[PDB]
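These notes concern the structure reproduced below.
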Amino acid sequence: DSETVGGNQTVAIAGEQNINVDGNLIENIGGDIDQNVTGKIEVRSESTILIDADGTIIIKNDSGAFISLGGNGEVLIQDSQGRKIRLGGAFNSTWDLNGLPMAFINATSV
Amino acid sequence: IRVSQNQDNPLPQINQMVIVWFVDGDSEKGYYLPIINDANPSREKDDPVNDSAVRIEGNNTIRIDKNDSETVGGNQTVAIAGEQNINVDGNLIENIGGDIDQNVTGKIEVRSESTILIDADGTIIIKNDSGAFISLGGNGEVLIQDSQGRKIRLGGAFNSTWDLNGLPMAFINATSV
Amino acid sequence: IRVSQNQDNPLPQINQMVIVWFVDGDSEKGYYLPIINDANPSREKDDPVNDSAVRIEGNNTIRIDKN
Amino acid sequence: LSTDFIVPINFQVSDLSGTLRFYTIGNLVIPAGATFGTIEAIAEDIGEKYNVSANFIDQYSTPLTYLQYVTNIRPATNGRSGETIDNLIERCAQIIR
Amino acid sequence: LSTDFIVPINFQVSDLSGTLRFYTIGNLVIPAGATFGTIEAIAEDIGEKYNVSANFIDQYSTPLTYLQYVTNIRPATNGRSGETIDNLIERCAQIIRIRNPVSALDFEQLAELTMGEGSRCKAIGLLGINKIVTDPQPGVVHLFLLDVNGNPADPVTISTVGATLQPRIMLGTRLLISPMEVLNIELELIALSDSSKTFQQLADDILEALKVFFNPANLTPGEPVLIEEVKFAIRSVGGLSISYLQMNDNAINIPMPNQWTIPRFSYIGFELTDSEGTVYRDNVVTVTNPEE
Amino acid sequence: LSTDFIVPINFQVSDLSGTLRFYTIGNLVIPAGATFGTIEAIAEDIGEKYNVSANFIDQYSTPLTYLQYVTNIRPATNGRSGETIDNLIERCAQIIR
Amino acid sequence: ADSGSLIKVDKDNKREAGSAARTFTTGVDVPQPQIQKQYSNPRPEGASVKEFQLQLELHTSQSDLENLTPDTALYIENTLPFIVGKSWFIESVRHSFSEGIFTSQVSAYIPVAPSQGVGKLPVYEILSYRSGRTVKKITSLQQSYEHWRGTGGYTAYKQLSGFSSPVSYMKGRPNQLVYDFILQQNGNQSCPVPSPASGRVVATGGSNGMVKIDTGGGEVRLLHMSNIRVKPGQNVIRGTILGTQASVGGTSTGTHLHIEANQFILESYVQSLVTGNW
Amino acid sequence: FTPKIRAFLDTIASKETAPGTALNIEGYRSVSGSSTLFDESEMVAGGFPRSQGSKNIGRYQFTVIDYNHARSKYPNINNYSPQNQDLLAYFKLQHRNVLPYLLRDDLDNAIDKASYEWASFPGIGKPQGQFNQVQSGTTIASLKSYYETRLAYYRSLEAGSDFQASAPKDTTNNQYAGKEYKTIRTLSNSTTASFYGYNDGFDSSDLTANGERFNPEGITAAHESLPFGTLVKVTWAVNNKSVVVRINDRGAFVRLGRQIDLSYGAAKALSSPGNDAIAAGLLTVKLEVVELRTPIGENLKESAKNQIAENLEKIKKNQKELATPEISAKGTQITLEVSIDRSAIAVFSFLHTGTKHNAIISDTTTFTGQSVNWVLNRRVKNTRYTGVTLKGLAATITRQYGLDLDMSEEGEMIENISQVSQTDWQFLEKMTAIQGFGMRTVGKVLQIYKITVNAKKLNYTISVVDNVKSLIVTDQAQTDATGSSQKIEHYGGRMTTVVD
Amino acid sequence: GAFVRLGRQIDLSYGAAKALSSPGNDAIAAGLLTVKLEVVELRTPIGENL
């Protein structure tokens with residue numbers, strides 16, 4: 001089956017969409033992807049997951065906690081209260097603590 | 001005979017019945033249209049009056065020069081035995097009013113070259129069958145756990161925590177602390 | 001003339017050929033259907049018998065109330 | 001059109017009711033590429049009832065190909081059912097002198 | 001097309017005005033895959049008014065499937081309304097005296113026959129292959145030919161006339177045949193109109209009179225064109241008074257370059273003035289190209 | 001075909017022009033499952049003009065069902081408009097001896 | 001129906017129909033059945049139209065019995081001027097015999113009196129063939145081998161500039177090269193054979209499918225073509241389908257193509273077969 | 001101004017314009033021998049630009065002489081506009097015999113003929129073009145290349161992307177055959193095959209399952225399940241050479257996985273220099289199905305639409321038969337004056353339509369004449385009327401024949417009706433009958449009246465005594481069995497129920 | 001249109017240009033107008049399905 005649309009394709013489904021593909025799904029998008037989901041997003045694979053972006057990657061929530069894989073190579077792990085673990089985007093490996101204690105448990109031979 | 005201009009519908013098969021008109025009554029100017037017979041039986045429908053059942057025994061090719069619209073008041077079910085190839089030159093916008101349950105037997109390759117944004121309101125979990133995962137909690141808790149039970153904890157319930165599970169840690173290539 | 005009630009298929013273009021019937025033989029009551037000519041040629045197909053090739057030069061709007 | 005168009009002589013036109021009918025004087029030749037053309041028309045019969053105002057004639061009975069509309073841009077005039085005796089007498093006298 | 005096209009016999013074509021109509025001689029078969037095909041057409045009626053220019057006949061009424069265009073690639077020629085009594089007298093007298101083509105005249109009349117009606121010949125004695133008059137070659141007769149179309153003769157026509165005249169020339173004599181040459185005449189007329197004709201009617205009448213005057217049948221090859229004769233031919237139209245006439249940018253008689261050159265008037269400009277002072281200026285080119 | 005096929009006797013065939021016409025000698029029975037088979041044909045008229053080369057006859061006027069093509073695998077020969085007197089004399093003399 | 005161009009078949013006859021002549025057509029509803037492939041139906045003969053009708057009863061004589069048949073032209077004399085001197089077509093003759101008298105009734109009447117080549121073709125594959133050597137695919141005349149000396153050695157071999165093998169030509173005609181090779185279309189040797197040159201077909205068929213073309217300056221000859229589609233006297237252009245390499249009905253169901261033509265025609269023929277531009 | 005003419009007019013402007021402006025709009029204001037363009041208002045003011053009397057003006061170098069010569073054929077040229085300059089150039093192409101050679105892509109001859117009009121174009125056999133205004137580097141080949149580039153540019157603008165599955169043909173009766181052998185499906189990517197008929201018992205005496213004699217040298221094969229006559233392309237993987245075989249036999253040996261069995265000739269056809277198919281008993285081949293087809297070409301519906309449109313314009317034209325020249329005294333007027341007591345003479349008029357004569361002894365000539373309505377019933381017409389009353393329709397019909405109309409009532413307004421294969425009298429009869437009217441003819445004038453029980457204005461009374469000789473009164477019962485369909489229409493029978 | 005110029009698709013008449021004027025905005029005052037061109041056509045208004 002082949003489908004060629006010289007303009008825009010608009011799909012409006014009031015019910016539930018089921019897609020069952022036995023082969024490979026290849027998506028080549030020449031623009032952007034804006035995915036807005038009101039419910040959950042549960043992705044499951046059983047061989048591998050590959051996430052690649054030439055630029056920056058940000059995984060965040062409304063709580064203000066995020067994992068940022070910088071486009072310059074910086075790595076930033078931030079929690080809601082503002083404690084940060086940083087690696088190296090042309091700086092130093094820094095464990096910013098916001099003036100709060102850090103705990104080691106079952107520490108063996110640090 | 002066709003209903004539309006640029007429609008080329010599948011032809012009648014051998015031994016199928018058609019109705020033939022003769023323009024100006026000439027036997028040499030005949031125009032046909034297939035009918036429902038037995039070599040041409042009726043397709044199965046839930047509602048024989050309102051439902052549409054179509055089968056194509058060859059390839060199906062639709063080309064639309066202008067925009068396309070599709071409204072489904074119920075469920076849309078797609079079953080493809082081979083590959084699905086989607087090529088969009090513009091932006092792709094999907095708004096889902098429910099959940100997304102994506103089950104893939106093979107790999108998942110996601111490639112972009114500008115930015116990736118993953119955002120939720122609650123918890124985000126990236127886990128494997130090995131029991132190793134990254135949990136970015138909805139309350140701001142951060143958990144980095146491996147298979148054997150070594151975890152780095154940040155967030156709120158506890159303080160900045162590094163559970164080592166009774167295993168030694170290290171700092172290779174260390175200049176200054 | 002249409003095959004089903006709620007489809008409004010594209011109309012024949014200017015200079016395209018159609019076949020016309022006259023209800024009760026009246027010249028003022030004519031009903032048409034497009035045919036395959038050269039101003040209305042055949043679309044390219046791998047198998048002309050089983051395959052379906054359709055082109056729309058405008059928008060395509062399909063609305064389905066049920067599944 | 002790509003070729004010259006001809007509205008034939010004696011082409012019948014009428015008003016909305018169809019009771020008043022005019023006929024073209026001659027052949028009207030609309031040259032290739034042009035769409036509009038003017039000609040003169042004469043009433044079907046004599047009498048003052050054919051003196052009609054502008055934009056009063058808009059129907060033609062015979063449907064010709066590529067012909068869209070017809071109108072009159074001038075009120076019909078000089079429709080008469082016979083001149084007076086005094087005007088005839090004056091005309092006769094002026095011929096004498 | 002995937003099949004071979006057929007333009008039927010007697011296919012009618014016409015000019016833009018629609019008054020001149022030509023009909024195809026026979027059926028034309030354009031083989032499948034070709035896009036063009038040529039065939040001869042004949043005028044609807046006799047007369048010199050059908051002698052039209054190239055590409056002047058392109059309108060056709062009956063439509064054929066996939067037929068895109070039709071046009072005459074050759075200017076129609078040999079339109080004749082008839083012959084006068086003196087022409088018929090000459091035709092009768094030549095039958096009286098053509099026994100043994102011996103003089104210049106005799107030779108020319110024979111060559112004009114068997115080459116067509118509307119052609120021309122010029123017979124010159126003792127003219128060698130160099131075409132130089134001062135070197136006479138006894139026993140040599142040189143023929144110069146203008147074909148039925150009014151152009152210098154095609155080699156096939158030369159061969160045909162040679163074969164025709166071979167069993168009629170004196171034994172031992174040498175017959176040379178070559179095409180004729182054409183001298184182009186460009187006219188400029190300044191004349192006063194008496195208003196008895198319109199400017200367009202005057203121009204048409206003058207053009208017709210000059211086309212009659214410069215007919216190769218009415219012209220003697222190698223003889224000078226006399227400007228007084230041209231003025232008389234122009235004025236015989238009537239309804240005008242000639243003020244000035246130029247031929248080839250001068251007012252003097254035009255001598256032909258050699259013995260075998262025929263005049264062929266190509267361009268004429270009109271400047272007609274009436275009593276009221278209206279100046280009508282026009283220009284007509286009659287031949288397709290200088291070397292035609 | 002699933003059944004035996006019959007090309008009937010006196011079946012008219014011709015060349016591309018249709019001027020030379022042959023007719024089959026008898027019924028041709030193509031057995032079930034077989035597709036392409038052969039039979040003898042005779043010219044419509046006497047004369048040497050019907051002697052034609054192989055692959056020259058390929059048209060048949062009556063369009064029969066399931067029949068696709070016809071050809072001639074031999075050049076048609078022995079078309080004659082009457083023998084010579086000398087050959088007849090020889091034939092007569094040979095009978096005697 | 002294929003083009004929908006609404007072609008007209010005859011000059012209209014709007015005689016005594018009205019003064020308009022531009023709003024009506026003066027015809028019927030049912031068209032005539034068209035008989036020819038491309039030509040249109042002939043105009044009504046007119047000799048079937050009666051303009052005069054004459055009833056003739058006469059005392060039967062022997063001459064009026066043997067010479068009075070519908071195949072003769074009647075000439076009635078000593079009568080009205082419009083009857084005298086005209087040929088009357090006998091519609092019918094009747095001979096009655098009620099008693100010793102023979103009576104004749106004659107119904108008679110008077111008839112009314114009076115491009116270089118094709119555009120595009122599918123790509124072909126050309127395989128040079130020799131009786132001894134193996135058949136090899138070629139792209140031009142330069143790569144090939146000359147064919148054998150056929151039935152009396154009409155071939156002679158010369159040496160040319162770019163040919164990788166001796167060039168074969170007819171004896172006495174260096175210009176006229178002769179070759180034997182196999183055409184192919186998608187691997188099929190029963191493909192149609194496009195014409196190698198434009199000209200007039202002068203002779204077809206014969207012992208071995210000889211198509212002969214008169215190009216105006218030379219002759220192009222082709223051998224071993226079956227199912228010839230061109231007739232003698234026909235005009236063909238470059239790329240016209242002259243016939244088939246091998247017939248479908250198993251007429252030995254295999255052979256090559258023999259071609260005699262000059263060097264330029266053969267080179268352009270191979271180039272057009274390979275490229276598809278004609 | 002198709003792409004060909006457009007490209008040629010560019011090839012002309014490439015050398016006949018001012019430097020730097022060959023495709024620019026400003027090049028339409030070029031001046032010969034000068035890089036300065038003339039006034040923009042001058043090209044529209046009308047006539048010909050007077051600002052430079054002697055110099056050549058325009059994109060194509062023209063003077064007032066060429067302008068007048070063009071106006072001799074195209075009088076609509078009133079000013080010197082880019083459209084008007086293009087039309088003048090097209091006229092010059094027409095007159096110099098450049099169009100016939102340009103329309104069939106003979107660019108050498110087209111340039112040769114155009115060299116007589118434009119001095120910058122070289123001629124055939126002379127790179128001076130019968131003049132000496134040919135610049136350096138200007139040759140016929142360069143002009144051809146420029147024309148090809150311009151034509152390609154013009155064609156690329158309206159280049160489509162659809163494909164055509166059919167091919168144009170001149171006539172519906174005419175038919176054409178396929179030209180390409182298209183692969184349909186792949187029977188087997190790789191299967192083992194063997195050849196039969198070589199050093200075996202299979203000779204020309206055997207019969208194939210087709211019913212044909214076996215030709216071992218033929219390109220044929222036996223397949224297990226394909227129908228006879230199926231064309232199978234067999235490709236040998238060793239040399240990548242493919243040959244099309246025709247399935248005729250069914251095969252005797254079954255073996256395992258043996259779909260096809262080639263003949264000896266078919267196997268020999270697979271051999272290539274250095275690769276002998278017969279050398280290897282078993283060939284690993286690929287099987288495909290091919291079929292005769294029409295090659296798929298570019299869609300030409302856009303050109304076909306233009307062709308249909310121009311044919312539609314051309315068919316509507318005066319192509320009728322001329323009047324027949326018939327010198328005779330037959331069709332004249334018959335005027336009859338008749339009286340019975342010489343008190344008054346009654347006059348009637350008819351048209352002569354027939355004549356009879358008995359010649360032998362009974363010198364008798366019989367003349368027959370008919371009313372003028374016979375003129376209306378002579379020719380069958382096809383026409384349509386819309387928005388016309390009964391009186392208007394009758395008036396037009398009578399005016400078509402020079403008759404007079406006498407009808408007091410206008411009648412109803414007919415909105416849409418078609419006269420299909422009917423004479424004018426028949427159409428008038430139908431229209432008057434459907435409205436309850438009837439016609440009558442006297443002399444030249446046709447009168448239309450209402451069919452009412454009280455319509456005879458004058459009354460004439462006679463007595464049976466002393467005047468009449470016969471009187472037969474008849475009465476019949478109405479029935480649908482007899483009469484015509486119109487008779488039962490006038491009775492109760494009618495289609496009362498109709499569909500909107 | 002007589003003048004061709006560059007990028008000139010339309011040329012309004014004097015009355016058409018005057019019809020574009022509004023209180024405080026004279027179209028004739030500005031020789032060149034930056035305008036948007038659309039094609040309109042007589043139509044039957046789209047109503048609720050009955």
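Following the order of the structure tokens, first chain is A, next is B, and so on, with residues numbered from 1 inside each chain and ligands from 1 in the order they appear.
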Extract, using only C-alpha atoms, all DNA, RNA and protein residues at most 9 Å from residue 133 of chain H, discarding same-chain residues fewer than 4 positions from it, and format them as a ChimeraX atom specification. /H:119-122,128-129
Using only C-alpha atoms, determine which residues lie at most 9 Å from residue 82 of chain A, disregarding the query and same-chain residues fewer than 6 positions distant; provide the list as a ChimeraX atom specification. /A:64-65,96-98 /B:155
Kindly give the distance, in Å, that separates atom CA of residue 90 of chain E and atom CA of residue 107 of chain E, rounded to a single decimal.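 Value for the atom CA of residue 90 of chain E-atom CA of residue 107 of chain E distance: 15.0 Å.
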Enter the distance from atom CA of residue 101 of chain A to atom CA of residue 85 of chain A, in Å, rounded to one decimal. 14.0 Å
Close residues, residue 3 of chain F itself excluded, 8 Å, only C-alpha atoms, min 6 positions apart in chain, as a PyMOL selection string: chain F and resi 31-33
Store the residues of this selection in a file with C-alpha atoms, as a PDB file, in the first residue's frame.
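The result, written out as out-v1.pdb:
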ATOM      1  CA  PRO F  31      -7.711 -32.378 -28.068  1.00  0.00           C
ATOM      2  CA  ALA F  32      -8.395 -31.255 -24.521  1.00  0.00           C
ATOM      3  CA  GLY F  33      -5.367 -29.578 -22.982  1.00  0.00           C
TER       4      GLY F  33
END
Determine, counting only C-alpha atoms, which protein, DNA and RNA residues have an atom within 9 Å of an atom of residue 46 of chain D; residues of the same chain fewer than 2 positions away are not included. Present the result as a VMD selection string. chain D and resid 43 to 44 48 to 50 79 to 82
Neighbours of residue 170 of chain E within 10 Å (only C-alpha atoms; same-chain residues fewer than 4 positions away dropped), as a PyMOL selection string? chain E and resi 100-102+139+166+174-175
Given the selection you just returned, output its residues as a file containing C-alpha atoms, formatted as a PDB file, in the first residue's frame.
ATOM      1  CA  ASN E 100      13.412  22.453 -85.978  1.00  0.00           C
ATOM      2  CA  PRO E 101      14.309  24.701 -83.013  1.00  0.00           C
ATOM      3  CA  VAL E 102      16.931  26.948 -84.600  1.00  0.00           C
ATOM      4  CA  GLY E 139      28.077  25.188 -82.143  1.00  0.00           C
ATOM      5  CA  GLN E 166      18.411  16.187 -76.925  1.00  0.00           C
ATOM      6  CA  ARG E 174      26.568  21.272 -77.837  1.00  0.00           C
ATOM      7  CA  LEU E 175      23.650  22.170 -75.562  1.00  0.00           C
TER       8      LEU E 175
END
Enumerate as number ranges by chain the residues belonging to chain F that approach chain H to within 12 Å, with only C-alpha atoms taken into account. F: 1, 29-38, 68
Can you pull out the residues contacting segment 12-20 of chain H? Cut-off 8 Å, using only C-alpha atoms, and skip same-chain residues under 6 positions away; I want them as a PyMOL selection string. chain H and resi 27-28+30-32+34-35+58-61+118+120
Smallest atom-to-atom distance to chain H: which of B:20, B:36, B:65, B:149, using only C-alpha atoms?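 Among the listed residues, B:65 lies closest to chain H.
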Please identify all polymer residues within 12 Å of residue 90 of chain B, counting only C-alpha atoms, omitting same-chain residues fewer than 4 positions from it, and present them as a list in words.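 Listing them by chain and then by number gives residues 5, 6, 7, 8, 9, 28, 29, 30, 31, 32, 33 and 34 of chain A; 86 of chain B.
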Determine which residues of chain D receive a DSSP assignment of alpha helix (DSSP H), computed from the backbone, and state them as a PyMOL selection string. chain D and resi 85-96
Only residues of chain H matter here; which ones have an atom within 10 Å of chain E, counting only C-alpha atoms? Give them as number ranges by chain. H: 64-74, 91-101, 103-104, 113-117, 130, 166-171, 174-179, 294, 303-304, 306-308, 310-319
Mind listing the strand (DSSP E) residues of segment 24-272 of chain G, per DSSP on the backbone, as a ChimeraX atom specification? /G:50-59,73-74,88-97,102-111,125-128,136-138,155-158,167-170,173-184,192-194,199-203,211-214,219-223,235-236,241-244,257-262
